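Student: After the structure tokens below, expect a handful of questions from me.
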Amino acid sequence: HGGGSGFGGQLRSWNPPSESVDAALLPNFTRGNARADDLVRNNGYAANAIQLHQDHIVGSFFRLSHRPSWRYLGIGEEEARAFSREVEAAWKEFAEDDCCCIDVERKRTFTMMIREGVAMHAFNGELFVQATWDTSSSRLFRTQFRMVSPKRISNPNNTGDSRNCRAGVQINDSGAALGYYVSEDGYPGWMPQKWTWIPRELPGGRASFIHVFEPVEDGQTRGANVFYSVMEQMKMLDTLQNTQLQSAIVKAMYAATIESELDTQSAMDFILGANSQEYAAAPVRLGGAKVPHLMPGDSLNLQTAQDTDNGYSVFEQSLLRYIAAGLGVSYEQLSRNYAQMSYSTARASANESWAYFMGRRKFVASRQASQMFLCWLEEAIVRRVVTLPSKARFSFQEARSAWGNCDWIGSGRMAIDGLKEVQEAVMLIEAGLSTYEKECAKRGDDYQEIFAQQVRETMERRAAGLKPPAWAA
Amino acid sequence: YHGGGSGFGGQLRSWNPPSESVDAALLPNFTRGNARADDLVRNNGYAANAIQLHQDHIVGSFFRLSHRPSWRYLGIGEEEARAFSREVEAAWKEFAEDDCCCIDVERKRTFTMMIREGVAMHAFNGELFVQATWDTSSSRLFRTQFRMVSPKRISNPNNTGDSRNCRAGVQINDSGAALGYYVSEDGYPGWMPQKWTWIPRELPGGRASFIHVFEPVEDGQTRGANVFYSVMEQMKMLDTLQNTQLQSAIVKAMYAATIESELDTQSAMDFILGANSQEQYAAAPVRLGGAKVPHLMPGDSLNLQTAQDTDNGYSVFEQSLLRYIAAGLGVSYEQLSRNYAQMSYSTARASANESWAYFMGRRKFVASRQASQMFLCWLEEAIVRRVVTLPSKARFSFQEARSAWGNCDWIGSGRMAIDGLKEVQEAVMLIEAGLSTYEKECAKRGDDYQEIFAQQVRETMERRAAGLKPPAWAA
Amino acid sequence: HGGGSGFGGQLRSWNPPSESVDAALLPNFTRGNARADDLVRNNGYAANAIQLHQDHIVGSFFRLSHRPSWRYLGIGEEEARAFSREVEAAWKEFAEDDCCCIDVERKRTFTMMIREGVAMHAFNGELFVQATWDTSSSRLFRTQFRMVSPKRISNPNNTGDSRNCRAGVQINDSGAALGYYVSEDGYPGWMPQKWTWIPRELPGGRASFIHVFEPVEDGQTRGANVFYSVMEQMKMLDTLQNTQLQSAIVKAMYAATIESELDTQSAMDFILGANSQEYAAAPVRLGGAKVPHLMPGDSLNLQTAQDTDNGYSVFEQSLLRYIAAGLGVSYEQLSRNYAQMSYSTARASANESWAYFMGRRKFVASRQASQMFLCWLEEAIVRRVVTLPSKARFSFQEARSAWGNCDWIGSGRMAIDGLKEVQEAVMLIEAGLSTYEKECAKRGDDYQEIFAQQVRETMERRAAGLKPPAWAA
Amino acid sequence: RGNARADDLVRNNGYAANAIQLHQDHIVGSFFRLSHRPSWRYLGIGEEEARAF
Amino acid sequence: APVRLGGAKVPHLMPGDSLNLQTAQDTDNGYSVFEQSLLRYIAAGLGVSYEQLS
Amino acid sequence: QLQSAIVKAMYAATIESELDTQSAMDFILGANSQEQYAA
């Protein structure tokens, strides 16, 4: 019933023309992305939200744990874990290279690559990273990952969209992507722009161009930035903030008035002190109380003005509540307002935001990181850097997902209190419901080097002969 | 009774709802309702947030699978049962979360986010369609693939009328059970006309080519309805209140003052405000210095209006409307509104408890059903390919015992802690008092017990090898 | 004294007739059901109430526990236990069949059967389940169930109600039902409908039709939806909500008024900025303060509007309190406001609502489920899929209830605190005041398979050799 | 007429219907179990026989 | 004449006409406190506790 | 009481012009642009 006409007419003329999400996105995709860029780069709340996304979804570090499927290939866990630690060491050496040689621009590190990718997916709808093979043999690995902004992927020569060519994305009959038309920069605008078609998949099976996003319904080719639901409200809120600030300026910049048929200069001289005795009308020295002697006919009135904020703070309250609902981050995080909050309420809000951020990490950062991991692993294996066991039933290409199966550990949820958190972890270990690996992962560490470091610490302490720690015999 | 007829002194005399079946009250403008719901979710913070928590709570980040075949019904020794179960679980784990992204034809989704998409689709349109396709290419070990189909693609071919057994592009028998569907090819851009294709619901071999999942309310309903239907108009008018009140605050805070001179504008601003000194209409900008007391003569006056409060009860009215909206959507009010203030511990527990109960119901009846459907579809291809060794002495083959063989359950992200220490204390008391098993506790935390036991054994072995310390599971 | 006229006349003209509730219900039965459908489909509170009914009466699952009357039939305990175990296994296999072919519509499962029936009885007054024997023998059981809406049960050809034929229900002299006049699908309305007479009881003793509703007094044939005492109030609350929303819209929309004798175009040109240099009148750019120079005879009256919720929220509060009293659910559950809340108070309110929910589950969900179970069990017996003991004193037909005596376990009472409840249950079952069966049932589980699972878990742990759990020797 | 007014109130008033609802749900609740305790001492019958009966 | 309740309505009363919404008056202007005192007196007379009676 | 509220917050605003209803509502509220009483 509610979809037809509404109560008493009401929404008699609200008829959205039901369409596929591509039909609603592509015609204004560039304008929406530009508006999102403007909002993120010129609004405090948007910048704070993007910063929160980067620092919570990923955080300071993005550690890797490689878990190849030994049981699928029947390979013994001993050699499997040996190979796993070998590739872990090699990837650790490659990832944190201070030369920033993992990217062609030589301006970022792998963790910063992940953070930039997730931020780009958030405030633009998706991300694109291409893999290149430089000819410099001085490096062990010749694979470089170069990110490209979604603005740089569009229809060549601004050609109109077709069935198989939408937004410069080559799509087959089934809807899968095959190639992308990417343009170089246009700065400065004097030089013309050209386009290059990059196949999504290189013929040998090694991915060359990885495009990451999540859809809302079938046939979608480009994602939608999260700001779409709240961009209008955010811009109007910014306008309200600026206008209210200017109005307070004005109402506070007219303190009093003097009415007199006398000359203005004489009026200032005989009322507001003045210094005409010695362009700008008259400066007035700031001194004592200076009671004047206004004459029958003239008067001096002190403007009482108006309260600078007549509830506009509550309007911010509601508006950033709506916006925080829009981006899914907790309101108190977005607005940095933590008033009238108890322990349970803050814990609940943090819980919801943490759940959302883990969802984003699994479905944005984890996928991109895994893609680059497989791309690097292909080169590492083919370059004889790491040797696969001879027992391997399947070659690397056939079981590429199984061979390079891995997970990623970001910055853990560091607690509101911690002592309760640490007590929970301790008694969880005592009860046996959880293992050490999950505890370290939740705290953001990996248990294997934790055990190695504890062994080092105990042997060092025994050598120095002070006291065995709480792990002995 | 007395309320049925006319009401209290006339009252609702004109309110005579036209009682028909659900289809007759939904099919006429079903497309318009779906369009309105889609527009609401696309361009409204609250609706997008609501579907966001739907996805994030109904299934969470992961959707683990456990396969519990009914060996007693199959009359098969439990040892072969668990062996085959772990084999199929390993195969399915490899196939599902593979980075090849060849589970889906579009090569852009994974299994868990496919379930998320299905849950959201069933949320803001009341339905979900998954087409299972047998790929011809032999390059892949598993030729099965799943493509999500939007309900907008499901409609009566050529936009004709609806017969007794042909409703909204769905073919039904006399009993009302669906036999097939009419899926329209996507029509972007709006130039080339669409064409329709018949997809039989079940393959002749019993395979489920098409899977339609929705929560019907009363029999004969071939098409579900979105949850938003109860509160669409209220959401839209709340949005209009947002925009209108915001513009009103804009304009009321705009005009700070008014000057009431009978002179020309230029001289008026020069003598009352300032400006002028032009280099060489837009009037004249005024430098924002300080103080700036003007002088007046009779006939002139400078009036600066006080405007009005920007939140003259707006926040609390919005609170009530959002309360009603959340009641309609079935999620807790604070979750939708991000309004956790003034709330004690017990009340927070109660509200979260209600919302979580609703979410688990939704997951059991929506996500689990679709996931089990695709799992059975994949298991058919897996077993017919002899990649998994069926037990030798099975009383029934796979075809006739499809549900029995593929009896499975799904574990999403668990109810994540509100207190931290208290729920783990609860679990400890349970498994020491013998009122529960490790399976239930691990599931409540989104884990399975078997691999946890394996990992604990591995950690014990590793610590013993390193000679560090035996953990709290020894001998 | 109270019933005659009242103080000072007062109710001098309130003389409701005295008749059987059938005489007060049947004449407007269809209109009442129509109003109930309207409210449940368009009012958010009604939908929330129905959802609460669904997920609290039954919840997410409906487990079976078949306890036959072994002592009454004089059967051995062990044989009866084994028979119960096998029929339970068979029924559990049949109920959650992923074929969805438990019902003819192939659209829902047994838990969905119960949910749909409970909701239908809630917002329509009753529920009808039509049992059917299928001809195709491809499956073990040939029994399916349509869930016929009460809207489809009516007098054939809309004939007037007789003594023995009311609302399409055939009633004997004693008042017991004998058959029902079901109607086919009426969509679309072009094709005329026809009515089929279904006997309530099949000659052999199989329940062809199941009509479930709790009566209110003698001779009732159709139930009454719970909205009857409340629906007018809910509809008018909806109207108040919409009207207040529109009024707030209007009051906020008109911000200022321009008062001048000028030409109106020049009026906005000289006052509200305007863009006359470029009929939608004239748009106004949004910028700074924009102080104007209204001439003598002009004004820029800023409307102060009015508070948008001048007590509407508390009036709401009262109305939803009345409504929640009407449908028996807790006010906080229905209205989703949980403020000024204490632990004991929340416990009390949830306690009352839970008592109501267990009552409704026993008298609606449990009855329909039991009839379902007996209908399936008759076919199960006659198909020899389960064998009756030879000791059986009575045939299945004579002792149908005794053989099929069973109870059902819905979603457990999941508590506000739980930990206190957990300690309570622990010291119950160590104090001997209860038993594991009732505790696990209250938590929503069954004790037999939980014991089997604990045995399996300890066997697995012993095999892996980590540690014996807290159930050994 | 008094009874008719009572039914009118109980059928078309939220508070009255609610009150009847709690009457039913609290006075009797969900179940009404029986416990038969025959007066064996007055009957002069064996306690074991009384319990068996 | 019946009037449909169909949302906000703005009329155009000509000069000489006026529609005025009568503000009415509080429905419990201290009546609850008078009840407080009165049933306190009643409970005192009856011998039962006030909170039980009222 | 409820019914009172229905009409207490349903008239909202009034116009005190001396033109015809059509012209007054056009110049003070909006409307017009009719495709072809009900005001």
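A note on labels: chains of the structure tokens are A, B, ... as shown, every chain counts residues from 1, and ligands are counted from 1 in their shown order.
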Show me, as JSON lines, the residues of chain D having an atom within 8 Å of chain B, each with the closest atom pair and its distance in Å, using only C-alpha atoms.

Tutor:
{"residue": "D:8", "atom": "CA", "partner": "B:2", "partner_atom": "CA", "distance": 7.4}
{"residue": "D:11", "atom": "CA", "partner": "B:1", "partner_atom": "CA", "distance": 6.8}
{"residue": "D:12", "atom": "CA", "partner": "B:3", "partner_atom": "CA", "distance": 6.1}

Student: How close does chain D get to chain C? List, as a tab-separated table, each residue of chain D within 7 Å, its nearest atom pair and the distance in Å to one decimal, counting only C-alpha atoms.

Tutor:
residue	atom	partner	partner_atom	distance
D:1	CA	C:3	CA	6.6
D:2	CA	C:3	CA	4.6
D:4	CA	C:18	CA	4.8
D:5	CA	C:16	CA	6.2
D:8	CA	C:16	CA	6.8
D:11	CA	C:229	CA	5.8
D:12	CA	C:229	CA	4.2
D:13	CA	C:229	CA	5.0
D:14	CA	C:326	CA	4.2
D:15	CA	C:325	CA	6.2
D:17	CA	C:326	CA	6.5
D:18	CA	C:325	CA	5.5
D:25	CA	C:356	CA	6.3
D:29	CA	C:359	CA	6.7
D:30	CA	C:359	CA	4.8

Student: Only N, CA, C and O atoms, please: the residues just picked out, written as a short mmCIF file (atom, residue, chain, number, x, y, z; two decimals), in the first residue's frame.

Tutor:
data_model
loop_
_atom_site.label_atom_id
_atom_site.label_comp_id
_atom_site.auth_asym_id
_atom_site.auth_seq_id
_atom_site.Cartn_x
_atom_site.Cartn_y
_atom_site.Cartn_z
N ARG D 1 -27.65 -5.70 30.92
CA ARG D 1 -27.02 -4.49 30.40
C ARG D 1 -25.64 -4.28 31.01
O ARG D 1 -24.71 -3.86 30.32
N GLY D 2 -25.49 -4.57 32.30
CA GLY D 2 -24.18 -4.48 32.91
C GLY D 2 -23.18 -5.43 32.29
O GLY D 2 -22.05 -5.05 31.98
N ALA D 4 -23.35 -6.63 29.27
CA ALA D 4 -23.09 -6.16 27.91
C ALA D 4 -22.08 -5.02 27.91
O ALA D 4 -21.19 -4.97 27.05
N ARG D 5 -22.21 -4.09 28.86
CA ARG D 5 -21.20 -3.04 28.99
C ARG D 5 -19.84 -3.63 29.29
O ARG D 5 -18.82 -3.15 28.78
N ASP D 8 -18.46 -4.98 26.07
CA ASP D 8 -18.09 -3.88 25.20
C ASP D 8 -16.76 -3.27 25.62
O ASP D 8 -15.92 -2.95 24.78
N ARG D 11 -13.86 -5.73 24.82
CA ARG D 11 -13.63 -6.02 23.42
C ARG D 11 -13.01 -4.85 22.66
O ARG D 11 -12.34 -5.07 21.65
N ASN D 12 -13.23 -3.63 23.13
CA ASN D 12 -12.81 -2.44 22.39
C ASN D 12 -12.12 -1.45 23.32
O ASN D 12 -12.40 -0.25 23.30
N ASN D 13 -11.21 -1.95 24.14
CA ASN D 13 -10.41 -1.08 24.99
C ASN D 13 -9.11 -1.80 25.31
O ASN D 13 -9.13 -2.94 25.79
N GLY D 14 -7.99 -1.13 25.05
CA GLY D 14 -6.70 -1.76 25.27
C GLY D 14 -6.47 -2.15 26.71
O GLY D 14 -5.99 -3.25 27.00
N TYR D 15 -6.83 -1.27 27.65
CA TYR D 15 -6.59 -1.55 29.06
C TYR D 15 -7.42 -2.73 29.54
O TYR D 15 -6.92 -3.58 30.28
N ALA D 17 -8.79 -5.27 27.75
CA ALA D 17 -8.28 -6.50 27.15
C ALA D 17 -6.96 -6.90 27.79
O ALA D 17 -6.73 -8.08 28.07
N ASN D 18 -6.10 -5.92 28.07
CA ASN D 18 -4.84 -6.22 28.75
C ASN D 18 -5.10 -6.82 30.12
O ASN D 18 -4.46 -7.80 30.50
N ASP D 25 -3.10 -14.98 32.22
CA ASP D 25 -1.71 -15.40 32.18
C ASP D 25 -1.08 -15.56 33.56
O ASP D 25 -0.05 -16.23 33.68
N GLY D 29 -1.73 -19.23 34.28
CA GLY D 29 -0.48 -19.42 33.57
C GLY D 29 -0.62 -20.37 32.38
O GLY D 29 -1.70 -20.54 31.82
N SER D 30 0.50 -20.98 32.01
CA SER D 30 0.53 -21.82 30.82
C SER D 30 -0.09 -23.18 31.06
O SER D 30 -0.76 -23.73 30.18
#

Student: Got a sec: who's within 12 Å of segment 185-198 of chain A, counting only C-alpha atoms, leaving out chain neighbours fewer than 6 positions off, as a list in words?

Tutor: residues 128, 129, 130, 131, 132, 148, 149, 150, 151, 152, 153, 154, 155, 156, 157, 158, 159, 165, 168, 169, 170, 177, 178, 179, 207, 208, 209, 210 and 211 of chain A

Student: Generate a file of the selected residues that holds N, CA and C atoms, formatted as an mmCIF file, in the first residue's frame.

Tutor:
data_model
loop_
_atom_site.group_PDB
_atom_site.id
_atom_site.type_symbol
_atom_site.label_atom_id
_atom_site.label_comp_id
_atom_site.auth_asym_id
_atom_site.auth_seq_id
_atom_site.Cartn_x
_atom_site.Cartn_y
_atom_site.Cartn_z
ATOM 1 N N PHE A 128 42.290 0.790 -7.995
ATOM 2 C CA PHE A 128 42.961 0.105 -9.090
ATOM 3 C C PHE A 128 44.461 0.105 -8.843
ATOM 4 N N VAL A 129 45.076 -1.072 -8.933
ATOM 5 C CA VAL A 129 46.520 -1.212 -8.798
ATOM 6 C C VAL A 129 47.026 -2.061 -9.954
ATOM 7 N N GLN A 130 48.056 -1.587 -10.643
ATOM 8 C CA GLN A 130 48.625 -2.331 -11.752
ATOM 9 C C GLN A 130 50.010 -2.843 -11.383
ATOM 10 N N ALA A 131 50.347 -4.010 -11.920
ATOM 11 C CA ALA A 131 51.622 -4.662 -11.664
ATOM 12 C C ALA A 131 52.495 -4.557 -12.904
ATOM 13 N N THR A 132 53.739 -4.130 -12.714
ATOM 14 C CA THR A 132 54.667 -3.913 -13.811
ATOM 15 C C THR A 132 55.959 -4.673 -13.553
ATOM 16 N N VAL A 148 46.591 3.564 -9.319
ATOM 17 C CA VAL A 148 46.075 4.578 -10.230
ATOM 18 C C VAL A 148 44.719 5.039 -9.722
ATOM 19 N N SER A 149 44.511 6.350 -9.714
ATOM 20 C CA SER A 149 43.255 6.900 -9.242
ATOM 21 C C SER A 149 42.115 6.490 -10.169
ATOM 22 N N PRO A 150 40.921 6.265 -9.620
ATOM 23 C CA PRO A 150 39.777 5.925 -10.476
ATOM 24 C C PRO A 150 39.439 7.005 -11.481
ATOM 25 N N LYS A 151 39.806 8.259 -11.212
ATOM 26 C CA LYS A 151 39.565 9.320 -12.182
ATOM 27 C C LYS A 151 40.335 9.084 -13.471
ATOM 28 N N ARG A 152 41.436 8.345 -13.404
ATOM 29 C CA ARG A 152 42.276 8.106 -14.568
ATOM 30 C C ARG A 152 41.799 6.939 -15.418
ATOM 31 N N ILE A 153 40.731 6.259 -15.017
ATOM 32 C CA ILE A 153 40.161 5.160 -15.786
ATOM 33 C C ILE A 153 38.791 5.607 -16.269
ATOM 34 N N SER A 154 38.651 5.781 -17.578
ATOM 35 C CA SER A 154 37.393 6.225 -18.162
ATOM 36 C C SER A 154 37.402 5.884 -19.645
ATOM 37 N N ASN A 155 36.326 6.256 -20.322
ATOM 38 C CA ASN A 155 36.171 5.924 -21.732
ATOM 39 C C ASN A 155 37.202 6.674 -22.567
ATOM 40 N N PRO A 156 37.935 5.993 -23.446
ATOM 41 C CA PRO A 156 38.894 6.698 -24.303
ATOM 42 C C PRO A 156 38.194 7.712 -25.192
ATOM 43 N N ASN A 157 38.826 8.876 -25.342
ATOM 44 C CA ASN A 157 38.317 9.977 -26.156
ATOM 45 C C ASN A 157 36.923 10.420 -25.731
ATOM 46 N N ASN A 158 36.549 10.150 -24.479
ATOM 47 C CA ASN A 158 35.231 10.501 -23.951
ATOM 48 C C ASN A 158 34.117 9.926 -24.820
ATOM 49 N N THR A 159 34.341 8.719 -25.329
ATOM 50 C CA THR A 159 33.336 8.053 -26.141
ATOM 51 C C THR A 159 32.139 7.655 -25.286
ATOM 52 N N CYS A 165 31.404 -1.565 -23.272
ATOM 53 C CA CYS A 165 32.408 -0.555 -22.928
ATOM 54 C C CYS A 165 31.721 0.501 -22.066
ATOM 55 N N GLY A 168 35.025 3.183 -19.627
ATOM 56 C CA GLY A 168 36.342 2.705 -19.989
ATOM 57 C C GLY A 168 36.698 1.351 -19.429
ATOM 58 N N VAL A 169 35.709 0.505 -19.164
ATOM 59 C CA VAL A 169 35.935 -0.843 -18.659
ATOM 60 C C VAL A 169 35.440 -1.823 -19.709
ATOM 61 N N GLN A 170 36.324 -2.710 -20.151
ATOM 62 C CA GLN A 170 35.956 -3.733 -21.120
ATOM 63 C C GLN A 170 35.291 -4.892 -20.392
ATOM 64 N N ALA A 177 35.246 -8.464 -16.286
ATOM 65 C CA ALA A 177 36.125 -7.472 -16.881
ATOM 66 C C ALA A 177 37.318 -8.143 -17.549
ATOM 67 N N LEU A 178 37.778 -7.537 -18.637
ATOM 68 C CA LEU A 178 38.929 -8.031 -19.378
ATOM 69 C C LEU A 178 40.027 -6.998 -19.554
ATOM 70 N N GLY A 179 39.680 -5.721 -19.674
ATOM 71 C CA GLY A 179 40.678 -4.685 -19.851
ATOM 72 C C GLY A 179 40.144 -3.348 -19.402
ATOM 73 N N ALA A 207 48.182 -11.970 -12.705
ATOM 74 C CA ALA A 207 47.379 -10.756 -12.755
ATOM 75 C C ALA A 207 48.262 -9.535 -12.969
ATOM 76 N N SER A 208 47.852 -8.672 -13.892
ATOM 77 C CA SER A 208 48.571 -7.442 -14.196
ATOM 78 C C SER A 208 47.861 -6.198 -13.698
ATOM 79 N N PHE A 209 46.533 -6.228 -13.644
ATOM 80 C CA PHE A 209 45.728 -5.095 -13.209
ATOM 81 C C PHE A 209 44.639 -5.622 -12.292
ATOM 82 N N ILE A 210 44.637 -5.175 -11.040
ATOM 83 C CA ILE A 210 43.661 -5.623 -10.058
ATOM 84 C C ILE A 210 42.781 -4.438 -9.689
ATOM 85 N N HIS A 211 41.477 -4.611 -9.875
ATOM 86 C CA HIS A 211 40.465 -3.620 -9.542
ATOM 87 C C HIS A 211 39.637 -4.174 -8.395
#

Student: Using only C-alpha atoms, I'd like every residue of chain C that has an atom within 9 Å of chain F; please write them out as a PDB file with C-alpha atoms, in the first residue's frame.

Tutor:
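The resulting file, selection-v5.pdb, is reproduced below:
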ATOM      1  CA  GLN C 233      -6.021   4.174  18.091  1.00  0.00           C
ATOM      2  CA  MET C 236      -5.213   7.740  14.391  1.00  0.00           C
ATOM      3  CA  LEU C 237      -1.705   7.769  15.846  1.00  0.00           C
ATOM      4  CA  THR C 239      -2.566  10.134  11.116  1.00  0.00           C
ATOM      5  CA  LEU C 240      -1.285  12.330  13.949  1.00  0.00           C
ATOM      6  CA  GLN C 241       2.300  11.429  13.083  1.00  0.00           C
ATOM      7  CA  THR C 243      -0.046  15.513  10.151  1.00  0.00           C
ATOM      8  CA  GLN C 244       2.541  16.688  12.679  1.00  0.00           C
ATOM      9  CA  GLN C 246       3.625  17.928   7.497  1.00  0.00           C
ATOM     10  CA  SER C 247       2.944  20.801   9.898  1.00  0.00           C
ATOM     11  CA  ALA C 248       6.585  20.888  10.985  1.00  0.00           C
ATOM     12  CA  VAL C 250       5.336  23.822   6.566  1.00  0.00           C
ATOM     13  CA  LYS C 251       6.301  25.828   9.645  1.00  0.00           C
ATOM     14  CA  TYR C 254       8.441  29.608   5.449  1.00  0.00           C
ATOM     15  CA  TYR C 312       4.087  15.303  20.813  1.00  0.00           C
ATOM     16  CA  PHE C 315       1.711  11.989  23.858  1.00  0.00           C
TER      17      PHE C 315
END

Student: Apply DSSP to the backbone of this structure and, from segment 404-459 of chain C, keep only the residues in alpha helix (DSSP H); write these as a CSV table (one decimal) with C-alpha atoms, in the first residue's frame.

Tutor:
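File produced: part_25.csv:
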chain,number,residue,atom,x,y,z
C,419,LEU,CA,25.9,-14.5,34.2
C,420,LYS,CA,23.5,-14.2,37.1
C,421,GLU,CA,21.2,-16.6,35.3
C,422,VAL,CA,24.1,-18.9,34.6
C,423,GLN,CA,25.1,-19.1,38.3
C,424,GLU,CA,21.4,-19.5,39.2
C,425,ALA,CA,21.1,-22.6,36.9
C,426,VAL,CA,24.4,-24.0,38.1
C,427,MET,CA,23.3,-23.9,41.7
C,428,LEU,CA,19.9,-25.2,40.7
C,429,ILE,CA,21.3,-28.4,39.2
C,430,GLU,CA,23.8,-28.9,41.9
C,431,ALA,CA,21.1,-28.2,44.6
C,436,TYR,CA,19.7,-31.0,33.2
C,437,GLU,CA,16.7,-31.6,30.8
C,438,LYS,CA,14.8,-28.5,32.0
C,439,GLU,CA,17.9,-26.3,32.2
C,440,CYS,CA,19.0,-27.2,28.6
C,441,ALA,CA,15.4,-26.8,27.4
C,442,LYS,CA,15.2,-23.3,29.0
C,443,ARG,CA,18.5,-22.5,27.3
C,447,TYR,CA,20.0,-33.0,27.1
C,448,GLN,CA,20.3,-36.3,25.3
C,449,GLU,CA,22.2,-35.1,22.3
C,450,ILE,CA,24.2,-32.7,24.5
C,451,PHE,CA,25.3,-35.6,26.6
C,452,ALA,CA,26.2,-37.5,23.4
C,453,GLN,CA,28.2,-34.5,22.1
C,454,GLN,CA,30.0,-34.2,25.4
C,455,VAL,CA,31.0,-37.8,25.2
C,456,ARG,CA,32.1,-37.3,21.6
C,457,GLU,CA,34.1,-34.2,22.7
C,458,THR,CA,35.9,-36.0,25.5
C,459,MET,CA,36.6,-39.0,23.3

Student: Which residues in segment 208-329 of chain B does DSSP call strand (DSSP E)? List them as a PyMOL selection string.

Tutor: chain B and resi 210-214+258-259+295-296+302-303

Student: Those same residues - N, CA and C atoms - I'd like them written as a PDB file, in the first residue's frame.

Tutor:
ATOM      1  N   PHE B 210      18.153 -22.321 -10.625  1.00  0.00           N
ATOM      2  CA  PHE B 210      17.798 -21.021 -10.078  1.00  0.00           C
ATOM      3  C   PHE B 210      17.357 -21.188  -8.633  1.00  0.00           C
ATOM      4  N   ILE B 211      17.792 -20.273  -7.774  1.00  0.00           N
ATOM      5  CA  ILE B 211      17.451 -20.292  -6.360  1.00  0.00           C
ATOM      6  C   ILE B 211      16.790 -18.969  -6.024  1.00  0.00           C
ATOM      7  N   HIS B 212      15.545 -19.034  -5.569  1.00  0.00           N
ATOM      8  CA  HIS B 212      14.793 -17.869  -5.127  1.00  0.00           C
ATOM      9  C   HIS B 212      14.534 -18.018  -3.637  1.00  0.00           C
ATOM     10  N   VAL B 213      14.974 -17.038  -2.855  1.00  0.00           N
ATOM     11  CA  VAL B 213      14.802 -17.072  -1.410  1.00  0.00           C
ATOM     12  C   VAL B 213      14.133 -15.783  -0.967  1.00  0.00           C
ATOM     13  N   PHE B 214      13.059 -15.920  -0.194  1.00  0.00           N
ATOM     14  CA  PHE B 214      12.350 -14.788   0.382  1.00  0.00           C
ATOM     15  C   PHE B 214      11.489 -15.306   1.523  1.00  0.00           C
ATOM     16  N   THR B 258      19.821  44.774   9.654  1.00  0.00           N
ATOM     17  CA  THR B 258      19.193  45.608   8.643  1.00  0.00           C
ATOM     18  C   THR B 258      19.436  47.060   9.015  1.00  0.00           C
ATOM     19  N   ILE B 259      19.720  47.889   8.016  1.00  0.00           N
ATOM     20  CA  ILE B 259      19.972  49.306   8.230  1.00  0.00           C
ATOM     21  C   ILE B 259      18.849  50.090   7.566  1.00  0.00           C
ATOM     22  N   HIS B 295      27.610  56.180  13.666  1.00  0.00           N
ATOM     23  CA  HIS B 295      26.861  57.359  14.078  1.00  0.00           C
ATOM     24  C   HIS B 295      25.571  57.444  13.278  1.00  0.00           C
ATOM     25  N   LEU B 296      24.509  57.914  13.926  1.00  0.00           N
ATOM     26  CA  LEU B 296      23.181  57.942  13.335  1.00  0.00           C
ATOM     27  C   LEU B 296      22.561  59.323  13.495  1.00  0.00           C
ATOM     28  N   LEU B 302      19.897  51.048  12.944  1.00  0.00           N
ATOM     29  CA  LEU B 302      20.570  49.790  12.649  1.00  0.00           C
ATOM     30  C   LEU B 302      19.945  48.714  13.524  1.00  0.00           C
ATOM     31  N   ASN B 303      19.204  47.805  12.904  1.00  0.00           N
ATOM     32  CA  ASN B 303      18.518  46.733  13.610  1.00  0.00           C
ATOM     33  C   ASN B 303      19.158  45.409  13.227  1.00  0.00           C
TER      34      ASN B 303
END

Student: Pull the closest atom pair for each residue of chain B that gets at most 12 Å from chain E, along with the distance in Å to one decimal, counting only C-alpha atoms, ordering rows by chain and then ascending residue number, as CSV.

Tutor:
residue,atom,partner,partner_atom,distance
B:9,CA,E:2,CA,11.8
B:10,CA,E:2,CA,9.4
B:11,CA,E:2,CA,10.3
B:12,CA,E:4,CA,10.1
B:13,CA,E:4,CA,10.7
B:14,CA,E:4,CA,9.0
B:15,CA,E:4,CA,11.0
